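Here the structure is laid out as structure tokens; the discussion comes afterwards.
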Amino acid sequence: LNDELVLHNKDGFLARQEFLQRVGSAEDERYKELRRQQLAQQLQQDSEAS
Amino acid sequence: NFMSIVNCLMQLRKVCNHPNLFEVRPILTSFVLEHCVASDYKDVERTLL
Amino acid sequence: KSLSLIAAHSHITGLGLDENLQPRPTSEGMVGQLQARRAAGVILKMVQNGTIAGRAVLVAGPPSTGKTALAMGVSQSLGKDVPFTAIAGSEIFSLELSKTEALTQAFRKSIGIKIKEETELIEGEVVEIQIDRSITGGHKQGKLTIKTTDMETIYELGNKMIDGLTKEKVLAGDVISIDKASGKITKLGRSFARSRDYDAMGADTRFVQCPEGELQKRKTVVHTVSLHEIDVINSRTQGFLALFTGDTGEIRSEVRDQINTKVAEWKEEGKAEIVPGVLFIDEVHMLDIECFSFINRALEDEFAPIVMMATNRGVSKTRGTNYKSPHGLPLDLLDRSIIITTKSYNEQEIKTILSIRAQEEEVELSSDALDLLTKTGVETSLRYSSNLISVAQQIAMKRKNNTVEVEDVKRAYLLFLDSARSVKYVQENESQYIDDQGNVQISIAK
Amino acid sequence: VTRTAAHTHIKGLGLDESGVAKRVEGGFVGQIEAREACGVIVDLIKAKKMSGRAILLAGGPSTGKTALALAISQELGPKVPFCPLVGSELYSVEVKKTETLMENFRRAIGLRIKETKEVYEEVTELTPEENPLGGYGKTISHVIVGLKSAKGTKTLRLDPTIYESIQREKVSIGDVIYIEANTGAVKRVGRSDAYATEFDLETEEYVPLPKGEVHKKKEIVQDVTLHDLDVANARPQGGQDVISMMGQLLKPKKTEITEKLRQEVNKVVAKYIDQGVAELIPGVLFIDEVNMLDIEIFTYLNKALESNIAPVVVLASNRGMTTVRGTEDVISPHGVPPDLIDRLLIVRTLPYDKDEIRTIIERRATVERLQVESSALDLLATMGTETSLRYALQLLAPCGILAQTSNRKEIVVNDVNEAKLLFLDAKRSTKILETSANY
Amino acid sequence: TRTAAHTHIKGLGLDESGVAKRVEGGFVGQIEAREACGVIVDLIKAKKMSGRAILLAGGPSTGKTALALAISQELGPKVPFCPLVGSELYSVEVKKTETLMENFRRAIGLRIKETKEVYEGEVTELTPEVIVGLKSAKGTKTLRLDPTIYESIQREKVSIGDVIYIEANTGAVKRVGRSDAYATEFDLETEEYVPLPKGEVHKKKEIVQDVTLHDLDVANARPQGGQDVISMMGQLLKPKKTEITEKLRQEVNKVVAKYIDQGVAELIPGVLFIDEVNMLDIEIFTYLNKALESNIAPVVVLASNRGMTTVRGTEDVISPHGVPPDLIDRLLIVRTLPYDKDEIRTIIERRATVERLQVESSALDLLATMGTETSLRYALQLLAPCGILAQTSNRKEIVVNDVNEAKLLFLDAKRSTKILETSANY
Amino acid sequence: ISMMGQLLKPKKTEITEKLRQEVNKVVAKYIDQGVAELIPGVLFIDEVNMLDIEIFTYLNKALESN
Ligand SMILES: Nc1ncnc2c1ncn2[C@@H]1O[C@H](COP(=O)(O)OP(=O)(O)O)[C@@H](O)[C@H]1O
Ligand SMILES: Nc1ncnc2c1ncn2[C@@H]1O[C@H](COP(=O)(O)OP(=O)(O)O)[C@@H](O)[C@H]1O
Ligand SMILES: Nc1ncnc2c1ncn2[C@@H]1O[C@H](COP(=O)(O)OP(=O)(O)O)[C@@H](O)[C@H]1O
Ligand SMILES: [Mg+2]
Ligand SMILES: [Mg+2]
Ligand SMILES: [Mg+2]
């Protein structure tokens, strides 16, 4: 059963999990960047106001 | 980091139940590509006529 | 943008020239071909002028000597906002449209018009919508509150636009744009207001926004549309669908005449401008005598874009006829056009092109490896070396070293054959391949 | 900022009252005999008597045939139709070539019709409506509507049917409408401009109030072609049911329009002409490179020309004694079958000369807004006489570009030499093609 | 099991160094071709180049199609692989170039992630606006629905007490069936019964479904909507495929670029295999020449067994392998060599052992000599009749008598031609 | 389907063999009951010299049907 097993594992099941976790990390990093830039904008506006 | 007992545990899970605990056979349905192009040219068409 | 893997002309970035239309020895991707580069620059300046119509230029020369490269260069240096329709001669023969109709559509696609209009706009942060029911005194008592960076004001809805804001679920606290005359509501996302209130929505809202100026202003909207798009739009009830499905089906001539008259009236009314782009035809020898005859007349029309042609052969038999003609084109069409010739390539030019391709494909080459590649290119062809340079990268990675050496190039040369070597091998053992008459010998013995 | 394309420097035949062609007028130089013949032909077309006459112009490439035909079209005027075509344009895919030829044949003759209409145009008030006294479950006897306009107001009474049409339009009380009593159709022009600022926003354009009397009597004159009537009858646009509109949704493909429909259209047009309502005006059908036509279309042209309402056809060809395409052993002049050239008349176009080429180059330079020197113009004329007339005219523009690059307004000899070296012609390309290994 | 001229080939049989073992992965010989194919496979896996074009040229029965299949199988099911023959490009309703471009778009793939929202459970009330009072085994919730999904509901003849299953992303509606609660209403009730679904009425799932560029191009080129009558009649209005404008392709490219930039999808270029390229004509060759110099084109592999022959569609243009020289110039040629006696014997042994057959040594040697004398494919195909002839005699092992009788019963090409020439009546 | 047929000008289509087989089976069943009778006819073709070789080859197979 070696060859079909090797082929299907080349497709793999955990590969889909790794792809999903990569997408999750990507959108989490995007959200973190948005949060950081919004906080920086708020801080600069507050410093300008005072 | 480290993982050595989870291998045996989830191997036991796969031997015990088999086709579950991660995914089932899903209800197949088409992809829902949604940006479309009609609304892009709707304004141009309305201006033209 | 325009996510792509690679192109054979990816390194070319808009020709290369000076303010005096003089070609540098090496700039913006392409090297050599000084006279052809200057001719292409003159053609580009003529196109940018826009005061001359229906000029035909034919780029001719031996294969693999900067013809499509030159076309890509002039197209890139021309930039956006000016149409450039590149087509091949073999894609005009279709079962749905006659070749004349396809040629007409290609000609119309290469000329655009910019329609300019002036519209008032209302922008700002909306803070509250109030909506009432149907009452004898008023059909609908609705009010809108808008906050800019400097102004807060109250608007009253007039029994229709409430359907506009209730057609899609909109909500306050965001910057929106609404047109007085058009009545369309464009929600641009979410306002700034307080950072915390929109800092936990899980991205979305297109990186929010903040109000910029006043409530209402006057702006100018410019729409760029090709003529062929206008004929398709006016041909049927819903032709903009045909702009994607491609089932126009030989639009009638009355529509084209009406479009021409209306576009001219717009042009001398000051409501629209004309951009005469470029139409490029690769492998023009694949066309037909009927297509050439039609082009002879289509070139002289007022709305005729600048036409560029690329051919390889010299003194061949034109398709649809039985006589041999130069360049695969009839004599009258050649008389109607202006010819730009290209020469062969020097060893130094070949080496420079190979180095450019190397730095384009993020591959490091040793000096002796580059010399060997240049020698092979001079011996056989440029494209063979331009492919070997990329194929040797994987062999280099197989040895766990990034740099490419002489051994990798030698292995690639000995692994992947060439036209001359393949021809010699075929002629040496012609009894194994399928003959012209179909006779083959398969048995090893006897 | 005006565009030019191998033409627009010609604007007529340059003929005086007596039909004598001046040497240099209307953008033309030389070709006196051809210009006189074309003027005679356009006079015959203006005579509006003949039907089916056929003219063919013969001459070498770059001799003025297309210019002559465009001059004829310019002389005729915008009202009379002028349908240009190329020989290869007849080979359609949707329908047979004979049908396309007949359609373009009918597209050449035109018809000017007139019709007098009354119309009514701010709505002031409207009242709908007696006792049934029969089988009328719900009765609306009449509807009273008042309009304001600008030059005085007026009220009137109108049928329930136009009231239901108004309800279909769903107009308000403070609106401006457009009601045509000929067809009993109401069109909502829009709101009233003076009724603005009732609400802070309103999508609908308010539109000003109509000018003049509300009850307008007027007449309209429209020019169409018989092909327009044929298309309208073949593919009617009316219909409200599903089938009609879904047929309108499909792409409109040309069919084989029957002869009976054309006969009925002709009968109706003749009946309307006899009343003086409309008048017909024959046009011109122009064909380029008739050698691209095969034997079938050439044969069908014999039957089409001998019809009753055939227009004047003008044909162009530059071939000599060649085989008519579609057959392999028929040598004919200009690639036109002997019967067809027996059916038509021939106008010959003569080749130019050195002085004529020089004057043409000068005229093109003047119409292109360029400055040239006498020595440079002489060199350009010699170059044209050495290679071709079209070569100098095409090469004029890059010379102007090169002059503009060096901040010089005048075309000079070195610019012309540089353009010659930069851009080749057919002869040099042919001479350097065969003298090489790779093509 | 079932075998058909293949499935004994399981890969290129290469090691980590790329050196091809003499016998590995159902392959013998063809070392240089296997190494070149492995290099091309690595280049494809790099996912950097675009439009690379190689062809493998050799005589018949040399393993070109086998090499292409081995490349496809070694690449893996993740990477799309489009096989084709030269004769498929001559369609009826669309031009040849459009079909070639359709295959080009079909060649490359795109893996994307999407979230699907689902509702299901028993229906408590149905009031026109539509308001649906869904109730699961643990939760209850009321939903507002569009007129189109209401029409789909009506066409499903749903009623109170029917467990249903709605999908929010696409609007698809499916009535699962009558709830188990009303299981006693008719002694011979035809309707089936289903227990109430478990969990809350609203669920969300994340899927990693793959697609191809041609799939989402034809998605908005022509629809396949579903349960709505209007969509059904719209998709029925046009039954024929048509040529796609380049504007749709550009919009598709822009949308896909935005998707991959947003970190939601990834692009996996594929391979386009064309066997017997000699069937192509000059126009298709020219258009392929033009289309190879693009920025999205995949890797194309071509197969041909021809000498110096005339290109189809031309009169006197002769070229090697029947391919125009201009397209040859931008090609990478891989040679393929004929076999020897021992290689033929080993291949015959492999094909015998995959077909669960027993062949004795003398019979194997006779088969190898026959294959050398006539052809390799003939010797390979004569195995099954020999097996059946052995079985009829109630045996298991192929014997010399069996191969002799198979020779008597069936003829090869040479003897057939010999009997054709020496006969009176055709 | 009726609207589609009315709106499409239903030109002839190559009828599948399955429909012909179903018709043959039901007709055989009915003639088994004595309510129907079969009557072979005559197909007359003049000027057969105008037939193509493909039509002749297909006729070779068609004449051998039952
Ligand atoms: N002047 C140049 N600069 C850079 N690359 C060039 C130049 N001329 C040719 N090339 C290379 O040649 C290839 C294109 O060859 P091309 O001239 O289009 O062949 P053909 O004329 O037969 O169409 C491109 O990959 C390009 O990299
Ligand atoms: N007598 C003339 N006066 C002015 N221009 C002329 C004259 N004869 C020819 N030309 C010019 O020559 C150009 C090409 O001639 P054309 O009529 O296209 O030749 P052909 O008859 O072969 O089509 C035209 O743009 C036209 O302006
Ligand atoms: N190295 C090999 N090992 C095993 N079988 C092979 C080998 N090379 C070729 N074959 C067999 O030869 C037959 C012909 O191969 P294929 O590539 O399909 O056609 P061709 O070689 O004529 O192009 C195939 O059935 C294949 O199984
Ligand atoms: Mg090229
Ligand atoms: Mg002409
Ligand atoms: Mg094969």
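Naming scheme: A, B, ... for chains in displayed order of the structure tokens; residues 1 onward per chain; ligands 1 onward as shown.
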
Just want the residues within 12 Å of ligand 6, written as a VMD selection string, counting only C-alpha atoms and all ligand atoms. chain E and resid 5 to 6 56 to 69 85 274 to 277 302 to 306 336 377

Expected file: the selected residues, C-alpha atoms, as a PDB file, in the first residue's frame:
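The new file again-v1.pdb reads:
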ATOM      1  CA  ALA E   5      -1.333  -0.276 -20.218  1.00  0.00           C
ATOM      2  CA  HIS E   6      -0.117   1.577 -17.097  1.00  0.00           C
ATOM      3  CA  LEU E  56      10.197  14.957 -25.380  1.00  0.00           C
ATOM      4  CA  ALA E  57      10.912  13.393 -28.767  1.00  0.00           C
ATOM      5  CA  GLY E  58      11.500   9.764 -29.667  1.00  0.00           C
ATOM      6  CA  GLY E  59      10.267   6.783 -31.601  1.00  0.00           C
ATOM      7  CA  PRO E  60       7.093   4.859 -30.806  1.00  0.00           C
ATOM      8  CA  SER E  61       7.097   2.580 -27.756  1.00  0.00           C
ATOM      9  CA  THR E  62       9.763   4.563 -25.910  1.00  0.00           C
ATOM     10  CA  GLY E  63       7.863   5.872 -22.878  1.00  0.00           C
ATOM     11  CA  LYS E  64       6.993   9.497 -23.686  1.00  0.00           C
ATOM     12  CA  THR E  65       3.411   9.224 -22.426  1.00  0.00           C
ATOM     13  CA  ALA E  66       4.723   7.102 -19.559  1.00  0.00           C
ATOM     14  CA  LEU E  67       7.201   9.865 -18.703  1.00  0.00           C
ATOM     15  CA  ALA E  68       4.453  12.499 -18.712  1.00  0.00           C
ATOM     16  CA  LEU E  69       2.225  10.344 -16.498  1.00  0.00           C
ATOM     17  CA  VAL E  85      -4.344  15.402 -27.398  1.00  0.00           C
ATOM     18  CA  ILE E 274      -0.227  17.709 -25.097  1.00  0.00           C
ATOM     19  CA  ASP E 275       0.344  14.304 -26.681  1.00  0.00           C
ATOM     20  CA  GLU E 276       0.766  14.040 -30.466  1.00  0.00           C
ATOM     21  CA  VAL E 277       1.418  17.717 -31.161  1.00  0.00           C
ATOM     22  CA  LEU E 302       4.576  18.212 -25.665  1.00  0.00           C
ATOM     23  CA  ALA E 303       4.942  14.706 -27.079  1.00  0.00           C
ATOM     24  CA  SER E 304       5.671  13.738 -30.677  1.00  0.00           C
ATOM     25  CA  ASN E 305       7.061  10.795 -32.662  1.00  0.00           C
ATOM     26  CA  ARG E 306       7.994  12.199 -36.070  1.00  0.00           C
ATOM     27  CA  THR E 336      14.281   9.281 -25.773  1.00  0.00           C
ATOM     28  CA  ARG E 377       3.759  -3.525 -27.414  1.00  0.00           C
TER      29      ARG E 377
END

Which protein, DNA or RNA residues have an atom within 6 Å of ligand 1, counting only C-alpha atoms and all ligand atoms, as a PyMOL selection string? chain C and resi 8-9+29-32+63-69+353

Write a file of the just-selected residues containing C-alpha atoms, as a short mmCIF file (atom, residue, chain, number, x, y, z; two decimals), in the first residue's frame.
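Result saved to out-v7.cif:
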data_model
loop_
_atom_site.label_atom_id
_atom_site.label_comp_id
_atom_site.auth_asym_id
_atom_site.auth_seq_id
_atom_site.Cartn_x
_atom_site.Cartn_y
_atom_site.Cartn_z
CA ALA C 8 9.86 36.50 -21.26
CA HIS C 9 9.73 40.32 -21.37
CA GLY C 29 15.83 46.65 -19.64
CA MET C 30 16.76 46.58 -23.33
CA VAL C 31 20.21 46.90 -24.89
CA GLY C 32 21.42 47.63 -28.39
CA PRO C 63 13.44 35.83 -35.38
CA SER C 64 14.51 36.44 -31.77
CA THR C 65 15.82 39.97 -32.48
CA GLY C 66 13.86 42.33 -30.22
CA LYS C 67 10.55 42.68 -32.08
CA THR C 68 7.98 41.70 -29.45
CA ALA C 69 10.49 43.07 -26.94
CA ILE C 353 21.02 40.29 -22.14
#

Please identify all residues of chain D having at least one atom at most 8 Å from any atom of chain C, considering only C-alpha atoms, and return them as a compact mmCIF listing (two decimals) with N, CA, C and O atoms, in the first residue's frame.
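So the final result, stored in out36.txt, reads:
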# COMPACT_ATOMS: atom_id res chain seq x y z
N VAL D 1 -5.36 70.94 -33.04
CA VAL D 1 -5.79 69.77 -32.27
C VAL D 1 -6.76 68.93 -33.09
O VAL D 1 -7.52 68.13 -32.54
N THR D 2 -6.74 69.12 -34.40
CA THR D 2 -7.61 68.40 -35.32
C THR D 2 -6.88 67.21 -35.92
O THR D 2 -5.72 67.33 -36.34
N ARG D 3 -7.55 66.07 -35.96
CA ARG D 3 -6.97 64.84 -36.47
C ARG D 3 -7.15 64.75 -37.98
O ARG D 3 -8.14 65.21 -38.54
N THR D 4 -6.16 64.15 -38.64
CA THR D 4 -6.17 63.95 -40.08
C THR D 4 -5.80 62.51 -40.40
O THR D 4 -5.01 61.89 -39.69
N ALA D 5 -6.39 61.98 -41.47
CA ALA D 5 -6.11 60.59 -41.86
C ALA D 5 -6.21 60.48 -43.38
O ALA D 5 -7.28 60.21 -43.93
N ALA D 6 -5.08 60.70 -44.06
CA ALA D 6 -4.90 60.46 -45.49
C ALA D 6 -5.89 61.23 -46.35
O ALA D 6 -5.94 61.01 -47.57
N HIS D 7 -6.67 62.13 -45.77
CA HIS D 7 -7.75 62.84 -46.45
C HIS D 7 -8.00 64.13 -45.68
O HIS D 7 -7.13 64.60 -44.94
N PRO D 61 -2.29 51.66 -58.15
CA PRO D 61 -2.34 52.05 -56.74
C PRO D 61 -1.86 53.48 -56.53
O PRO D 61 -0.98 53.97 -57.24
N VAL D 86 -16.13 47.55 -48.30
CA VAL D 86 -14.99 46.86 -48.89
C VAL D 86 -15.49 45.54 -49.45
O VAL D 86 -16.48 44.98 -48.98
N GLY D 87 -14.79 45.05 -50.48
CA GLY D 87 -15.23 43.82 -51.13
C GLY D 87 -15.30 42.64 -50.18
O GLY D 87 -16.23 41.84 -50.24
N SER D 88 -14.33 42.53 -49.27
CA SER D 88 -14.31 41.43 -48.32
C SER D 88 -15.36 41.55 -47.23
O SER D 88 -15.55 40.60 -46.47
N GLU D 89 -16.05 42.69 -47.13
CA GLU D 89 -17.02 42.89 -46.06
C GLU D 89 -18.30 42.10 -46.28
O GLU D 89 -19.06 41.91 -45.33
N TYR D 91 -18.66 38.90 -47.03
CA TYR D 91 -18.58 37.51 -46.59
C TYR D 91 -18.93 37.44 -45.11
O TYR D 91 -18.08 37.41 -44.23
N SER D 92 -20.24 37.40 -44.84
CA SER D 92 -20.73 37.31 -43.48
C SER D 92 -20.80 35.85 -43.04
O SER D 92 -20.70 34.92 -43.84
N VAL D 93 -20.97 35.66 -41.73
CA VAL D 93 -21.09 34.34 -41.13
C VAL D 93 -22.52 34.04 -40.71
O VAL D 93 -22.99 32.91 -40.86
N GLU D 94 -23.23 35.05 -40.21
CA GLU D 94 -24.60 34.83 -39.74
C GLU D 94 -25.55 34.53 -40.89
O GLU D 94 -26.42 33.66 -40.77
N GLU D 198 -38.41 71.49 -0.90
CA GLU D 198 -39.42 70.94 0.00
C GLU D 198 -38.79 70.02 1.03
O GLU D 198 -39.18 70.02 2.20
N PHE D 199 -37.81 69.22 0.60
CA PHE D 199 -37.00 68.41 1.49
C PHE D 199 -35.53 68.70 1.20
O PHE D 199 -35.17 69.17 0.12
N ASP D 200 -34.68 68.42 2.20
CA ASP D 200 -33.26 68.71 2.05
C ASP D 200 -32.60 67.85 0.97
O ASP D 200 -31.57 68.26 0.43
N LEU D 201 -33.16 66.69 0.66
CA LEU D 201 -32.63 65.83 -0.39
C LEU D 201 -33.76 65.32 -1.26
O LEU D 201 -34.90 65.18 -0.81
N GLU D 202 -33.43 65.05 -2.53
CA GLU D 202 -34.38 64.46 -3.47
C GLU D 202 -33.58 63.91 -4.64
O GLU D 202 -32.84 64.65 -5.29
N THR D 203 -33.72 62.61 -4.91
CA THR D 203 -32.94 61.98 -5.97
C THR D 203 -33.33 62.50 -7.34
O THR D 203 -32.46 62.79 -8.18
N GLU D 204 -34.63 62.64 -7.60
CA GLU D 204 -35.11 62.99 -8.93
C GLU D 204 -34.66 64.39 -9.32
O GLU D 204 -34.71 65.33 -8.52
N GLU D 205 -34.23 64.53 -10.57
CA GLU D 205 -33.90 65.84 -11.11
C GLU D 205 -35.17 66.68 -11.22
O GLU D 205 -36.20 66.20 -11.71
N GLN D 248 -36.32 39.75 -27.32
CA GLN D 248 -35.50 40.96 -27.32
C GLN D 248 -34.19 40.78 -26.55
O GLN D 248 -33.22 41.49 -26.82
N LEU D 249 -34.15 39.83 -25.61
CA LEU D 249 -32.96 39.61 -24.80
C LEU D 249 -31.87 38.90 -25.60
O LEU D 249 -30.68 39.16 -25.40
N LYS D 251 -29.41 37.82 -28.70
CA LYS D 251 -28.64 38.65 -29.60
C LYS D 251 -29.36 38.76 -30.95
O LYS D 251 -29.95 37.79 -31.42
N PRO D 252 -29.37 39.95 -31.56
CA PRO D 252 -30.02 40.12 -32.86
C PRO D 252 -29.12 39.65 -33.99
O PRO D 252 -28.11 40.30 -34.31
N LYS D 253 -29.48 38.53 -34.60
CA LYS D 253 -28.72 37.97 -35.70
C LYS D 253 -29.47 38.18 -37.01
O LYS D 253 -30.70 38.07 -37.05
N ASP D 288 -15.09 49.02 -52.51
CA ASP D 288 -13.65 49.03 -52.69
C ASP D 288 -13.15 47.62 -52.99
O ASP D 288 -13.64 46.64 -52.42
N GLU D 289 -12.15 47.54 -53.87
CA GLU D 289 -11.49 46.28 -54.20
C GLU D 289 -12.50 45.21 -54.59
O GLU D 289 -12.63 44.17 -53.94
N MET D 292 -12.07 41.43 -54.76
CA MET D 292 -12.29 40.54 -53.63
C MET D 292 -13.63 39.82 -53.70
O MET D 292 -13.84 38.87 -52.94
N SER D 388 7.79 56.16 -54.19
CA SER D 388 6.33 56.18 -54.28
C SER D 388 5.77 57.50 -53.78
O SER D 388 6.41 58.18 -52.97
N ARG D 390 3.06 57.82 -51.88
CA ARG D 390 2.62 57.65 -50.50
C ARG D 390 3.78 57.70 -49.51
O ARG D 390 3.58 58.07 -48.35
N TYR D 391 4.98 57.31 -49.95
CA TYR D 391 6.11 57.24 -49.03
C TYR D 391 6.45 58.61 -48.46
O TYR D 391 6.68 58.75 -47.26
N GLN D 394 3.74 59.76 -45.97
CA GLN D 394 3.88 59.07 -44.69
C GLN D 394 5.10 59.56 -43.92
O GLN D 394 5.05 59.72 -42.70
N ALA D 397 5.50 63.21 -41.38
CA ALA D 397 5.28 63.38 -39.94
C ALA D 397 6.51 63.09 -39.09
O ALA D 397 6.82 63.91 -38.20
N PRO D 398 7.24 61.98 -39.27
CA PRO D 398 8.45 61.78 -38.46
C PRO D 398 9.48 62.87 -38.66
O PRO D 398 10.23 63.19 -37.73
N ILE D 401 8.45 65.48 -36.29
CA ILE D 401 8.80 65.11 -34.92
C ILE D 401 10.28 65.37 -34.67
O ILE D 401 10.66 65.95 -33.64
N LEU D 402 11.13 64.96 -35.61
CA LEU D 402 12.57 65.17 -35.45
C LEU D 402 12.91 66.66 -35.41
O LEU D 402 13.77 67.08 -34.63
N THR D 405 12.06 67.98 -32.01
CA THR D 405 12.97 67.55 -30.96
C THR D 405 14.14 68.51 -30.79
O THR D 405 14.55 68.82 -29.67
N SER D 406 14.69 69.00 -31.90
CA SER D 406 15.83 69.91 -31.87
C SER D 406 15.42 71.37 -31.80
O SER D 406 16.23 72.25 -32.14
N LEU D 422 16.35 56.22 -41.00
CA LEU D 422 15.65 55.57 -39.89
C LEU D 422 14.53 54.66 -40.38
O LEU D 422 14.36 53.55 -39.86
N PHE D 423 13.75 55.11 -41.36
CA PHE D 423 12.58 54.39 -41.84
C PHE D 423 12.80 53.97 -43.29
O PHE D 423 13.14 54.80 -44.14
N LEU D 424 12.60 52.69 -43.57
CA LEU D 424 12.79 52.14 -44.90
C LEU D 424 11.46 52.07 -45.65
O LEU D 424 10.38 52.25 -45.08
N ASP D 425 11.55 51.80 -46.94
CA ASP D 425 10.40 51.62 -47.81
C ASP D 425 10.36 50.19 -48.32
O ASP D 425 11.19 49.35 -47.95
N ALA D 426 9.38 49.90 -49.18
CA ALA D 426 9.20 48.54 -49.67
C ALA D 426 10.38 48.08 -50.52
O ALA D 426 10.80 46.92 -50.43
N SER D 429 13.52 47.25 -48.38
CA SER D 429 13.24 46.05 -47.59
C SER D 429 13.29 44.81 -48.47
O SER D 429 13.84 43.78 -48.06
N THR D 430 12.73 44.88 -49.67
CA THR D 430 12.80 43.75 -50.59
C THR D 430 14.24 43.48 -51.01
O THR D 430 14.64 42.32 -51.14
N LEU D 433 15.94 41.79 -48.03
CA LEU D 433 15.34 40.56 -47.52
C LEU D 433 16.03 39.32 -48.07
O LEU D 433 16.48 38.47 -47.31
N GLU D 434 16.12 39.21 -49.40
CA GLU D 434 16.67 38.00 -50.00
C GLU D 434 18.18 37.88 -49.79
O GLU D 434 18.71 36.77 -49.90
N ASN D 438 18.73 34.04 -42.57
CA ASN D 438 17.45 33.98 -41.88
C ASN D 438 16.49 35.00 -42.47
O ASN D 438 16.89 36.12 -42.82
N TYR D 439 15.23 34.61 -42.60
CA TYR D 439 14.23 35.49 -43.20
C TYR D 439 13.96 36.71 -42.33
O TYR D 439 14.40 37.82 -42.64

Residue list for chain B near chain E as a tab-separated table (two decimals) with N, CA, C and O atoms, in the first residue's frame, 10 Å, only C-alpha atoms:
chain	number	residue	atom	x	y	z
B	26	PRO	N	-18.33	16.42	4.16
B	26	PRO	CA	-19.08	17.68	4.21
B	26	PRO	C	-20.22	17.71	3.19
B	26	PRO	O	-20.32	16.88	2.29
B	28	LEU	N	-21.36	19.29	0.15
B	28	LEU	CA	-20.67	20.00	-0.93
B	28	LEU	C	-21.55	21.12	-1.49
B	28	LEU	O	-22.74	20.93	-1.73
B	29	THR	N	-20.94	22.28	-1.70
B	29	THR	CA	-21.63	23.43	-2.27
B	29	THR	C	-20.59	24.29	-2.97
B	29	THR	O	-19.40	24.25	-2.64
B	30	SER	N	-21.05	25.08	-3.94
B	30	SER	CA	-20.16	25.86	-4.78
B	30	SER	C	-19.48	26.98	-4.01
B	30	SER	O	-19.95	27.42	-2.95
B	31	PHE	N	-18.36	27.45	-4.55
B	31	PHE	CA	-17.70	28.64	-4.02
B	31	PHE	C	-18.52	29.88	-4.36
B	31	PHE	O	-19.27	29.91	-5.34
B	32	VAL	N	-18.36	30.92	-3.55
B	32	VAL	CA	-19.33	32.01	-3.52
B	32	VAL	C	-18.62	33.32	-3.88
B	32	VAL	O	-18.87	34.37	-3.28
B	33	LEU	N	-17.67	33.25	-4.81
B	33	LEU	CA	-17.00	34.43	-5.35
B	33	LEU	C	-17.99	35.57	-5.53
B	33	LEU	O	-18.97	35.43	-6.27
B	34	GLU	N	-17.75	36.69	-4.86
B	34	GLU	CA	-18.82	37.66	-4.63
B	34	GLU	C	-18.51	39.08	-5.06
B	34	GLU	O	-19.39	39.94	-4.94
B	35	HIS	N	-17.30	39.38	-5.52
B	35	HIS	CA	-17.00	40.75	-5.93
B	35	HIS	C	-17.82	41.14	-7.16
B	35	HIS	O	-18.34	42.26	-7.24
B	36	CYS	N	-17.93	40.23	-8.13
B	36	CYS	CA	-18.66	40.47	-9.38
B	36	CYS	C	-18.09	41.63	-10.18
B	36	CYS	O	-17.14	42.30	-9.74
B	37	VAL	N	-18.65	41.87	-11.36
B	37	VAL	CA	-18.22	42.97	-12.22
B	37	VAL	C	-19.39	43.78	-12.76
B	37	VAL	O	-19.17	44.77	-13.46
B	38	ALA	N	-20.63	43.38	-12.49
B	38	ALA	CA	-21.78	44.10	-13.02
B	38	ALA	C	-21.86	45.51	-12.44
B	38	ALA	O	-22.05	46.49	-13.18

Can you check which residues of chain E have any atom within 10 Å of chain D? Use only C-alpha atoms and format it as a short mmCIF file (atom, residue, chain, number, x, y, z; two decimals) with N, CA and C atoms, in the first residue's frame.
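Ended up saving to selection00.cif:
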data_model
loop_
_atom_site.label_atom_id
_atom_site.label_comp_id
_atom_site.auth_asym_id
_atom_site.auth_seq_id
_atom_site.Cartn_x
_atom_site.Cartn_y
_atom_site.Cartn_z
N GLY E 234 -32.81 31.63 -17.04
CA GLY E 234 -31.68 32.38 -17.54
C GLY E 234 -30.54 31.49 -18.02
N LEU E 237 -31.56 29.90 -21.28
CA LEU E 237 -31.66 30.76 -22.45
C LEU E 237 -30.49 30.55 -23.40
N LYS E 238 -29.28 30.47 -22.87
CA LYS E 238 -28.10 30.21 -23.69
C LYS E 238 -27.53 28.83 -23.37
#
